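Turn this into a structure:
(10 chains)
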Amino acid sequence: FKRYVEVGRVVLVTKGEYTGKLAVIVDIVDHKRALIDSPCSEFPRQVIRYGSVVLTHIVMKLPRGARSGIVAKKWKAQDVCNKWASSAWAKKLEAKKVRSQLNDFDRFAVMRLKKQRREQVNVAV
Amino acid sequence: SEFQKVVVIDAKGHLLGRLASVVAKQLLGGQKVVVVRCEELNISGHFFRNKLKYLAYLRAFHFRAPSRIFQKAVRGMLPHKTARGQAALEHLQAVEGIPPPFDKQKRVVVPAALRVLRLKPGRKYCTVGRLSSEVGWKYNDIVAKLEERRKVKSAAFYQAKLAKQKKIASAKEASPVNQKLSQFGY
Amino acid sequence: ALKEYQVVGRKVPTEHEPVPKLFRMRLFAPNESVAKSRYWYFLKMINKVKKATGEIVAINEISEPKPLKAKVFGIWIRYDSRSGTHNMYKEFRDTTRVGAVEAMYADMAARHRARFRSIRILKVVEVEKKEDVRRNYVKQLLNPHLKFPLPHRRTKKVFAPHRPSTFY
Amino acid sequence: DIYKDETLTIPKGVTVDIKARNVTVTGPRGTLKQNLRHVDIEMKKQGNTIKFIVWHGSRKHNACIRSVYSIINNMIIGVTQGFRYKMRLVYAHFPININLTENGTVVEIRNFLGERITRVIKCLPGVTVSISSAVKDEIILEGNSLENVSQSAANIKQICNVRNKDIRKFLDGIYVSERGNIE
Amino acid sequence: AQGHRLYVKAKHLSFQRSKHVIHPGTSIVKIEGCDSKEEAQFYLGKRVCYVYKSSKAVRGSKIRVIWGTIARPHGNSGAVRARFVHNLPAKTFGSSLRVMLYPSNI
RNA sequence: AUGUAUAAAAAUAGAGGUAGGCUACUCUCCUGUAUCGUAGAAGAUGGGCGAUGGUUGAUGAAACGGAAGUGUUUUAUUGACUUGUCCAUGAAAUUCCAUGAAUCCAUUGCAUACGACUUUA
RNA sequence: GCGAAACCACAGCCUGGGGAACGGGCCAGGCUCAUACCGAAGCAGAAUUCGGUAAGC
RNA sequence: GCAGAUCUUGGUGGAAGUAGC
RNA sequence: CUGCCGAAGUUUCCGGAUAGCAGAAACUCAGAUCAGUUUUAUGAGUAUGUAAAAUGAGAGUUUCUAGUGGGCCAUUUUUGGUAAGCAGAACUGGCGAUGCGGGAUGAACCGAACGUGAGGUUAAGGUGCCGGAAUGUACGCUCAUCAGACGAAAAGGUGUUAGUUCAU
RNA sequence: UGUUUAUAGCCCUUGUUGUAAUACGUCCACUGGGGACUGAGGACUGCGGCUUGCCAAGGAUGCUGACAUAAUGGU
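Numbers count the residues shown, from 1 in each chain, chains lettered A, B, ... in the order given. The relevant structure is shown in the block below.
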């Protein structure tokens, strides 16, 4: 495998009011629940179930049961932010988020933009 | 969500009851549903369990083809005694394998009926076509032979499409317009 | 959702006894109405004190002091069954004492087909020491190498176009 | 148990690949292919150690893991040293004639207690049966698959079975005498 | 090519019924693309129509329309209740519908 | 009808792509909220510039596709369109939603509730 | 060619369940003595017996 | 003031072109 | 034809005379009484009856005048039973005069008792499809090769699941 | 393994900013939208609020159209 439920793994929340946020497992309550934390201020330390999260490939060195302050310092030290963003997963998600906000005028400018890019067809020319 | 005028469903790895229920509900919605690879339908439970279930049914016409087995399950989930359920049945075409008209068409799957997403790991399941092989169906061997023949041709088309796709993909970043206004997420 | 309620009650004063004894109990109930009713059941069940001759003098909900730290809780119950006499001790790992009882009420109903009325929790105590744990699964949960594969989640959006990854 | 893991040491075989739940164990003696996709046991390769781990399994799943490890160990032993089984024929009045065909692939038994019908037994693939000259009426079968050799020996023993006769009185027959590693 | 389609595709499922009693006054309409009751709140009050054709022509047009309006959601799966000027025929179960974007509040 | 638009297989408890010489690589998956397509009196009239390409229609075609191939391409020429970047006019007072064989026949027995049956004719 | 009468609520496939009959209307659906085989038994073999499997007869 | 009374009178059907003569 | 009232289906003596039930009329009253009411307390033996606080409703008559004057089921109580079942009484309501939602269906089961309609919200029961409504969430239990879903039945199980306790 | 903040930290207690925040419960005669179904009555009386008049206050009125010479209906 590539992903295991271990202390220090970075997980992505996919259910509830914290959907789309990033968190790192701090403690293993049980095979169905785990304690997570995030350096972001709006994300508090909480116990979440594995059904509401997906494990990313990023694993970061954390002592068991670290406090939020220590986790935030370790998160900055290990440069987890912009490392997940370097993955194509985050770029796909970020592109989807930016696409959702796009209004009608931006959509119109896109169609003209992708119309110009389409006619290139410089293959075998 | 969004629908299509005609739908081609690949019945490989789909549970019989779960797929039939979704198909029957879609038929009553006016959609036209075509189910291919009906001989790879899976049913939860041991192959001994379904053999006696079918053997009990053998003890009307006892159809042996896997496609007609699936149609029987779909038929029971429709008001076939009325005209509304009669018209729904005529909008369904269950076939074994992938016939040529549906060979070159997109085949969708129903995650609510997929065996992997619905069956506990390690649970014994039986394949409808494999189960029907020892009840009277005698075309399993040839149906597999065409299936591998279709797969080889399908794989060759995919390589041609993939090789062609590499050309536009390479030229996608060649055009500066892509990078110039990629701020829209595109 | 269950809530841990601290209920203190006593009999009304009379000429025979100027001052009555004070009885305090900790019990779990969704609302204070259930906790007061269950508390009166225990005193009658135990001290043989009539509800009509007593009163509830204090009720208080108790919150988990450390809900962000995983703990192991030992729970003793009494079972009313066809035989009508049983007692078992079980251990659960979680962060909230109330969460253990809710999980406790799940397994008795799942296994023994028991009800809320029959179970009368004598005592709930946090088992901090690893050695005191009598359950193998909790002991497995206490090793320094906790890393396991994902349990399957079996997750309208009908008619998916591509086969789902169904993997990590 | 969160995960029960059984660790085994990889032998000197050239290939110990277990990709796609198929163990293509190739060694100096030969290459043996086995299918393990019917067991829900995760196989992990790390250097010369092969670990079979079952996560959140039951007693039957744990039992299958032990059987899988034994099957893998038997396959590794057969691919490295091989399995050799020797059987001695027993006769009382009518001697039994044994003929080998297709390099021992087909074994014909004749004159079994006066029987006029010859019994033909086909050995499993990868197993060669020869008649040892050291011991009279001794047949030695060597192969890389222990299960195939055992199945072939059982079939030979079942073929030479006395019917409608006293076992205590008529002791004539063919049975496996000894079995072990070729090397 | 690309048509106009200033509306949203929808399907006529059934009447507002119990197990054995039907009420043709209210029809259950599935606005495809809407998947929950909260999403259905956008389409409340919009004008829904059933466009069909008859062989006899009136004013040189063979297309007839029954107009309606979406009233309230139905269930947790985004199906809505619609009341039409003429009750929709029972034979139009599974037939398509058009949900306009007017009246608009966006 | 209202885009009547989309062909891998495969595991899922791992697969595919990518690349090296099946052994070692890498990347992606975590669905389609994707991709293709889409601007004009439903899409006008010219001037262009720029592609000098693209979009296709028309026929003349060869190849492929058994299964239920009946459709995929390859085009050859020609016909136009082009909003790719721009301009100049035009489309409205509908001046608030409604939009030649066979049968009978004769023959025929080869047949037998009856025709049928059966050649000949 | 001449020509009735009895009878006539209406009907007309089954399978079940439907408690009172309910089928014709209602509800859910359709339209093992021998022997063959072996196993056990001293069953010396023959002679076979028993045990099941087995509806082929 | 009618739908019934194996109601009364009259007309007329299916059975039936049947049984049959 | 419509509308408004509307039983009883049985005490008691004995085919009956009563009564009860349901109406009509005349009377006197709301500062008067009444209640398938709950209490308080007196006593008497947790209950009991009586007397006097809460709650609700205006109450008490007198006269004569239609119909009923079977039961079924169900609840509880019951005495003996006795292959076991059951039988026997009594206690109490429902249906019998009553449609409606559910219960696959069904007269006794679960809700609910009815003018004609629009809208809303529920009960009982439900939300895979037939079928209106989550292929909802969170835990577990169950593999059957007859589950489950809606008496041979006690138990046995190299049958499990959780396991507990005791031995080492 | 044992070890005690190191070359990671964790737990407990006080202190701690503090009068923290949040969740939950409850309340506002606090407020901003969206949808649907009804419009009974027919001078004035009344109860209120603003400032004679005015008003969302003892029940719908305005502004428009198209079709009417079809739509709406009915059978």
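
mind listing what's buried in stretch B:111-123?
Residues of stretch B:111-123 classed as buried: B:111, B:112, B:113, B:114, B:115, B:117, B:118, B:119 (neighbour count, 16 or more other Cβ atoms under 10 Å in any protein chain shown). Just so you know, the C-beta spots here come from the backbone N, C-alpha and C atoms, and that holds for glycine as well.

List of residues touching the host helix or strand of residue C:93?
Residue C:93 belongs to strand C:86-94 when assigned by DSSP states H and E. If you take Cβ atoms under 8 Å, 6 or more residues apart in numbering or on different chains as the criterion, strand C:86-94 is touched by A:29-30, A:33, C:70-80, C:99-100, C:103-104, C:107, C:127, C:133-135, C:138, C:141.

ok, now stretch E:60-79?
By Cβ under 8 Å, 6+ apart, stretch E:60-79 touches C:156, E:13, E:16, E:26-31, E:34-37, E:39-41, E:43-56, E:58, E:80-86, E:88, E:99.

got it, and stretch C:68-81?
If you take Cβ under 8 Å, 6+ apart as the criterion, stretch C:68-81 is touched by A:27-29, A:35, A:45-47, A:65, C:85-95, C:97, C:100-101, C:104, C:108, C:112, C:114, C:117-128, C:133, C:138.

Let me have it in CSV, keeping just the CA atoms, if that works.
What follows is stretch C:68-81 as a C-alpha-only set of coordinates in CSV (Å, rounded to 0.1, in the frame of the first residue of the first chain):
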residue,chain,number,x,y,z
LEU,C,68,-9.3,16.0,23.2
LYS,C,69,-7.3,13.2,24.9
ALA,C,70,-8.0,9.5,24.1
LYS,C,71,-8.8,7.4,27.2
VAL,C,72,-10.0,3.9,28.1
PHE,C,73,-13.1,3.5,30.2
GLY,C,74,-14.2,0.5,32.3
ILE,C,75,-18.0,0.1,32.6
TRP,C,76,-20.0,-2.3,34.8
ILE,C,77,-23.6,-3.0,34.1
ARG,C,78,-26.4,-5.1,35.5
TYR,C,79,-28.6,-7.1,33.0
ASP,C,80,-32.3,-7.9,33.3
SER,C,81,-32.9,-10.8,31.0
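
for chain D, what spans make up the helices?
Counting by DSSP state H, chain D has helices at residues D:59-80, D:146-159.

In terms of secondary structure, what does the longest one contact?
When you say that, I think you mean helix D:59-80. strand D:3-9, strand D:22-26, strand D:31-35, strand D:49-55, helix D:146-159 (3 or more Cβ pairs under 8 Å, 6 or more residues apart in numbering or on different chains; DSSP states H and E).

Can I get the ones you listed in a markdown table including distance to residue B:125 and mean neighbour count?
Formatted as a markdown table, the helices and strands packed on helix D:59-80 follow (distance: least, Cβ to Cβ, whole Å; neighbours: other Cβ atoms under 10 Å in any protein chain shown):
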| stretch | distance to residue B:125 | mean neighbour count |
| --- | --- | --- |
| strand D:3-9 | 25 | 14 |
| strand D:22-26 | 21 | 18 |
| strand D:31-35 | 18 | 14 |
| strand D:49-55 | 20 | 19 |
| helix D:146-159 | 27 | 17 |
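
Next, format those as a markdown table and append distance to RNA strand I.
A markdown table is the format used below for the helices and strands packed on helix D:59-80 (distance: least, Cβ to the nearest atom of the strand, whole Å):
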| stretch | distance to RNA strand I |
| --- | --- |
| strand D:3-9 | 13 |
| strand D:22-26 | 25 |
| strand D:31-35 | 20 |
| strand D:49-55 | 13 |
| helix D:146-159 | 20 |
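
Select, out of those, the one closest to residue B:183.
strand D:49-55 (44.6 Å; Cβ to Cβ).

ok, is that closest one in contact with chain C or not?
Yes - shown here: strand D:49-55 in contact with chain C (Cβ under 8 Å from any Cβ of the partner chain) through residue D:55.

Tell me which strands that strand pairs with, and in which orientation.
Strand D:49-55 has its sheet partners listed here by DSSP bridges as strand D:3-9 (antiparallel), strand D:42-46 (antiparallel).

From RNA strand F, how far off is residue C:74?
Distance of residue C:74 to RNA strand F, given as Cβ to the nearest atom of the strand, to the nearest Å: 34 Å.

Spatially nearest residue to that residue (excluding sequence neighbours)?
The shortest distance from residue C:74 to any non-neighbouring residue, by Cβ to Cβ, 6 or more residues apart in numbering or on different chains, is to residue C:127 (4.9 Å).

Tell me which stretches of the chain form strands.
As the question left the chain open, I've gone with chain A. Taking DSSP state E, the strands of chain A run over residues A:9-13, A:22-27, A:33-37, A:46-49, A:53-59.

wrong one, I was asking about chain E
Going by DSSP E, chain E shows strands at E:7-17, E:22-31, E:47-58, E:61-74, E:79-84, E:96-100.
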